[PDB]
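# All I have is the shape, not the residue letters:
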């Protein structure tokens, strides 16, 4: 299995994406043999899974594999703490993997966590701030300055392709975050907000394009007026009540 | 085979593969092909230009696509039905993103069609002009009781 | 307002004459007060260039005796100082050389040649016995001369050299002086949000030298009030209304005090009428003149925002009629404000109706609830 993982990694470095993915699909094998033989091997497997997820459109699978290799913030926002058993060089590799995961991790949920990560570095914290700001100009500059980190082989990453793709997804999220919730919206307010986006004409186009994505819903768009319009509830309430009970249970059990 | 045996890289065949992949949108074909071409080759003419055109389609900038599309482009001549295939994708997107749409606008998005040609596509997806082209307890209670009990406890 | 008191109020010579010349140039060429007092004041001093200007039309009649005496006494003084400095460079004593650099600075300043006053002023750098007195006073001087030459960059520079300098005394105002200079530099350079922070910070209780006591009250007050983007509720409340020290400056110019009380209290019409009243005087202010139109407009925008966020639907025509300012003018102002994106006002002038908006709705509340639930879960995990 280790040979398969190493070979797959080599192919990925010099190899096509689909064959490597197929190898990864064969590749997974019982946890226990790996656990008995060494601490590190499991971490390496987790890293490989994370890489596959990154290649894969979904960041969910990689998010799980990376956290298991290294501690990650859990749903319900509880700290996940990893074992220190693996050899220190291996642990450093794991930390590097965790740093890589942040990229997958940010996509998975939220929000501004770097507590496990060192406070002093602005490389990751700065990136987090820029995402929070919602303005590309800072984001673009962050890529520009830390151009060196992305490059680290050069042929293998000639064009920075992945980072650019990720940034373009990242830019879209904030607009959806207003997320409609208004039956009818003034055009001017939309224009002011869409103006911030680099293309001036995007709102006529950028707004319609968003509707196509379906992240956000626009009503009355393309209208002569020009102003956008924008049991289930019970289920939602019940869900919340369930969460509350769960929290109480954990408290009582504790 | 081209990625693994660089000396065999064929520009025309690669361009046709990419263009045909685009005719298969909304499927992932176009993206998969891109995964199979390294940066150096994607940056070469006319692969760079073709990827740019694909980008316009993926981002659904249809007017920009038709404008940027060198209608008399050599590679397109042999690709039978290329233009109509692109239109099918556009109508797929339109059927998902519009409730109502201006007749003039749809024709523009489909490549500046005559009213007669537009009629062909409206007919194909069953769209018709309107004012315009017409396009388109007990358990709960028990649950609360349990939740309440849990809270009380 | 009377000029006698204004001119009298400001200690600084540049304010004493430059302000008179500004009032004269700034508003009406014809009016006597700007020119008569400036003439008479200039004739009390060593600058014949300013004196020459006074001699020119719109100025007091030229006198041969005044210019010849000044000019000659200057030649003599320049020879004297030149020699003295020659000799001081040649007793090998730092203090004497420093005095000479300072004295050349004084001589050039009074003579009205500012570049040289600056050069010879900062030439005292090397010969400073101590940074705090020799060096900080050099700073105060470069600050005076830089303000008067209109480079506020340099003012900030020597402000950071001075306040960066290692030895600082809490008791001394010079803190006050430097605050005033910085405030002034920020004000000369949306809202700065720095100028007000500075001006509001402290009062020496000793003469400003740089800033009129009224000047600090008004500059602080208006800059603050216009800082919608920067200002906290506290910034309106914490750093101005609740700020007891600044109250001292404020009681000096009560029209501004009531202007701020009006704004904080939601009567924006009253506030804006005060502003309209003072506008003509504030256009006479040598430092404020250039920012007046901007600050008032910003205040108006803030008032509109306060009105605009609190009401979902607005009767625009009624507001214009009930505004206490003309409805058409108000509409024009709103139109100007909107494009900037300052206001998310949804307005048609013709309709006279205005509408601003801040299952979907129901989902919103539900989403928030879920968010809180998530946080709670996180806390539980941390505890475990």
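Received it, and whenever you're ready, just let me know what you need. Numbering: from 1, shown residues only, chains lettered A, B, ... in the order given.
# Give me the outermost residue of chain A relative to its centroid.
residue A:224 (39.2 Å; CA atoms, centre = their mean).
# now it, what's its secondary structure?
Using DSSP: H, G, I helix; E, B strand; the rest coil, the structure places residue A:224 in coil.
# repeat for residue A:118
Under three-state DSSP, residue A:118 comes out as coil.
# I'd like the distance between the residue farthest from the centre of chain A and chain B.
10 Å (CB to the nearest CB, to the nearest Å). C-beta coordinates here come from the backbone N, C-alpha and C atoms, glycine included.
# Ramachandran angles for that residue?
With angles defined as degrees, to the nearest 10, residue A:224 sits at phi -60, psi -40.
# With residue C:355 instead?
phi -150, psi 120.
# and it, what is it in contact with?
A:186, C:312, C:313, C:314, C:346, C:347 (CB atoms under 8 Å, 6 or more residues apart in numbering or on different chains).
# ok, back up a step: quick one: contacts for the residue farthest from the centre of chain A?
With contact set as CB under 8 Å, 6+ apart, residue A:224 has no partners.
# what's the burial count for the residue of chain B found nearest chain A?
Going by CB to the nearest CB, chain A is nearest to residue B:39 of chain B, at 3.8 Å. For residue B:39, the count of nearby residues is 13 (other CB atoms under 10 Å in any protein chain shown).
# Break down chain C into its strands, ranges please.
For chain C, the strands defined by DSSP state E occupy C:313-315, C:347-348, C:353-355.
# Skipping adjacent residues, who's closest to residue 84 in space?
You didn't pick a chain, so chain A it is. residue A:91 (6.8 Å; CB to CB, 6 or more residues apart in numbering or on different chains).
# wrong one, I was asking about chain C
Excluding its sequence neighbours, the residue lying closest to residue C:84 (CB to CB, 6+ apart) is residue C:100, at 5.9 Å.
# Now do the same contact list for residue 149.
The chain I'm using is chain A. residue A:123.
# my bad, chain C
C:114, C:115, C:118.
# Tell me how far the first one lies from residue C:316.
Right, residue C:114. Per CB to CB, to the nearest Å, residue C:114 is found 53 Å from residue C:316.
# So between the two, which is more surrounded?
Between residue C:114 and residue C:316, counting by other CB under 10 Å, residue C:316 is the more crowded of the two (22 against 18).
# Looks like the more buried one contacts residue C:331 (just checking).
Yes: contact status for residue C:316 versus residue C:331: in contact at 6.9 Å, counting by CB atoms under 8 Å.
# and for these two, which residues touch both?
Counting by CB under 8 Å, 6+ apart, the residues touching both residue C:316 and residue C:331 are C:347, C:349.
# I figured residue C:74 hits residue C:47, correct?
No: judged on CB under 8 Å, residue C:74 makes no contact with residue C:47 at a distance of 9.7 Å.
# any common contacting residues for these two?
Joint contacts of residue C:74 and residue C:47 (CB under 8 Å, 6+ apart) are residue C:111.
# who's more crowded, the two?
Neighbour count, other CB under 10 Å: between residue C:74 and residue C:47, residue C:47 has more, with 19 against 16.
# Output the residue of the stretch 201-350 of chain C whose distance to chain B is smallest.
residue C:346 (23.2 Å).
# likewise chain A?
Closest point on chain A to chain B, by CB to the nearest CB, is residue A:158, at 3.8 Å.
# Is that residue in a helix, a strand, or coil?
With three-state DSSP as the criterion, residue A:158 reads coil.
# What residues does residue 45 make contact with?
All of this refers to chain A. A:1, A:5, A:27, A:28, A:34, A:65, A:69.
# To clarify, I was referring to chain C.
C:13, C:110.
# do you know how far it is from residue A:26?
Taken as CB to CB, the span from residue C:45 to residue A:26 is 95 Å.
# what does residue A:122 give?
Counting by CB to CB, the gap from residue A:122 to residue A:26 is 41 Å.
# who has more neighbours, those two?
Set side by side, residue A:122 and residue A:26 show more neighbours around residue A:122, with 13 against 10, by other CB under 10 Å.
# For the stretch 1-150 of chain C, which residue gets nearest to chain B?
As assessed by CB to the nearest CB, chain B sits closest to residue C:150 within the stretch 1-150 of chain C, at 50.4 Å.
# Report the distance from stretch C:44-60 to the chain centre.
The chain centroid and the centroid of stretch C:44-60 are separated by 28 Å under CA atoms, centre = their mean, to the nearest Å.
# Measure how buried the residue of the stretch 51-200 of chain A at minimum distance from chain C is and give me the count.
For the stretch 51-200 of chain A, the residue positioned closest to chain C under CB to the nearest CB is residue A:78, at a distance of 1.2 Å. The number of residues packed near residue A:78 is 17, by other CB under 10 Å.
# so which strand or helix has it?
For residue A:78, there is no host helix or strand (DSSP states H and E).
# Okay, buried residues for stretch B:73-92 please.
Within stretch B:73-92, the residues that qualify as buried are B:73, B:75, B:76, B:79, B:82, B:85, B:86, B:87, B:88, B:89, B:90, B:91, counting by 16 or more other CB atoms under 10 Å in any protein chain shown.
# From those residues, which land in helices?
Judged by DSSP state H, the buried residues of stretch B:73-92 include B:75, B:76, B:82, B:85, B:86, B:87, B:88, B:89, B:90, B:91 as members of helices.
# show me what contacts the third one?
For residue B:82, the set of contacting residues under the criterion of CB under 8 Å, 6+ apart consists of B:19, B:23, B:76.
# What residue, apart from its backbone neighbours, is nearest residue B:113 spatially?
residue B:107 (4.5 Å).
# Sorry, slip of the keys, the one I care about is residue A:41.
Using CB to CB, 6+ apart, the nearest residue to residue A:41 is residue A:34, at 4.5 Å.
# same deal with residue A:17?
residue B:35 is the one closest to residue A:17 (CB to CB, 6+ apart), at 4.5 Å.
# Please apply the same query to residue C:134.
Closest to residue C:134 by CB to CB, 6+ apart is residue C:128, at 3.3 Å.
# Mean neighbour count, the strands of chain C: which tops it?
strand C:353-355 (a mean of 18; mean count of other CB atoms under 10 Å in any protein chain shown).
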